[PDB]
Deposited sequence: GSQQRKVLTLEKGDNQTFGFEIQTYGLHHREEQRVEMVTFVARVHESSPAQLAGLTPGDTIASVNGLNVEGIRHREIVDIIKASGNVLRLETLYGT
């Protein structure tokens, strides 16, 4: 059983990838970043990004002990191609 998925999102210059993430401190506290929304017809949806799944890594960077802002910053710095690793949330 493999709950780890690797995806590639591609977009145009003045376009966004079409997804929202939220980092929550879940009480056993564990910080977990979730895909909160994926827009219909978006690059994220086309890449197969699923709402509810958790972000494991962004462009090769394990998001383990890093701030939610770091993740957003990394995504914005990624340009038109974004590499993500997710884990089954649902």
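Residues of the deposited sequence missing from the coordinate set occupy positions 1, 30 to 34.
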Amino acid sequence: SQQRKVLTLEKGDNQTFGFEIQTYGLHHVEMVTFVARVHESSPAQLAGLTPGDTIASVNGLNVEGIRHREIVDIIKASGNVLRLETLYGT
From here on, numbers count along this sequence of modelled residues.
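When the C-alpha B-factors of 42 to 50 and 61 to 69 are averaged, 61 to 69 comes out higher. Of the two segments, 18 to 26 and 72 to 80, the one listed with the higher mean B-factor is 72 to 80 (C-alpha atoms only).
Ranked against the other modelled residues of its chain, the C-alpha B-factor of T8 as given in the entry falls in the middle third.
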